[PDB]
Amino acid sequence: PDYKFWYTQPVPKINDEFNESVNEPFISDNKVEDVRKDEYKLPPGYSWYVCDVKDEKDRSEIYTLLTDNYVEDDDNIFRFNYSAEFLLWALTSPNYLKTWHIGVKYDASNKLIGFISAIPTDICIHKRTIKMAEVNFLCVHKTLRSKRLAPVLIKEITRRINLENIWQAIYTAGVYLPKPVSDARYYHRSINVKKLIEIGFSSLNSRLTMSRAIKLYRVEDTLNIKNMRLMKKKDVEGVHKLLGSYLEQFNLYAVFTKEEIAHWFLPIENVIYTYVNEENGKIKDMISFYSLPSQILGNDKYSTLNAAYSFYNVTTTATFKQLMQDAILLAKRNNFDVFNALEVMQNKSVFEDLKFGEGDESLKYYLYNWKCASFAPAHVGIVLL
């Protein structure tokens, strides 16, 4: 590929590799005063729109755009179906900016046909903490693909982020772009076996009959960590200490304030599930996973695959395998069909014994305007939504 757009940007070329001692911007000494004050030009008939995600109607417009036009698997069987409540949660973290929730409307219909978003986060990369933007939910309507709208959305959000004196970003994508700092495969743990077979997500053979498959993935309805319970407001301080200490071992992680811990972990039904083990008023273990269904395209019986995604999990009183076994159980108790995880942090070590199957795609982690050594995904300590 030529990367005609990306090679104009402060990112590594596809052949670039850096020593572990290199950890710095491509372009330093940036000046807010020099940032373009004009919005990037859109093709005739299209206009920028600042979305208010706290307004139900604006939020529903984003929801519809993404439901119909967002990420599909390579075989066009599944399309992500982020809920409206999920989008509210994902986009209104502490110190979010409404003007970083950017839509594009088709003037004649007044309909939203494009979107991109950013939220601010402090990112520790190779022990250096940098104020960054986390870019997500880039989407162009299926009818307008391959018209070079995505670089316009990227350049416009870059401009708006730069106006706030932020010059680095973090982002993930399934597509290969210049140039990942890490690459993490997805793994899947079947919960509702029969449904997964019926929709083609899983397979049988003459050895693995339907009944044998169901027995293989059967789980005992008893927690290894008996007191694991839904997180409450009183647990924010203890989760902040437990998770904050845990994440410092990694090469890439978010540095969460107490306010960010409250936002990202306090439970919201059908959005975010966090469980804690409290001993003597101290949080000693935590499990968390978020809800992200996929629409099943075309299937007669089922419209929705109900998937839980591993978020952040820490144990100090059990083994990591016991903890993730409880995570699977808690997902099953909340009626999820499958439990998905990336090979980040310590996750890969438990996939075999807990009967995860390797998927067929990976998530690439990227930094914008930052050069550093790449690393194996066990050194990644951040999960983006």
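Position 1 is the first residue in the sequence shown; the rest follow in order.
- The PDB entry reports B-factors from which the mean C-alpha value can be compared for 198 to 206 and 272 to 280; the larger average falls on 198 to 206.
- Relative to one another, 286 to 294 and 105 to 113 have unequal mean CA B-factors, and 105 to 113 is the one with the higher figure.
- Annotation for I214, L243, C124, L97: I214 ranks highest, by Cα B-factor.
- When the C-alpha B factors of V350, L342, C51, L323 are read from the deposited coordinates, the top value falls at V350.
- In the PDB entry, a CA B factor belonging to the lowest third of its chain's modelled residues is recorded for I261.
- Among all modelled residues in its chain, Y365 ranks in the lowest third by Cα B-factor.
- Per the deposited record, the Cα B-factor of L247 falls in the middle third when ranked against the other modelled residues of its chain.
- For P178, the recorded CA temperature factor ranks within the middle third of the chain's modelled residues.
- For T67, the recorded CA temperature factor ranks within the lowest third of the chain's modelled residues.
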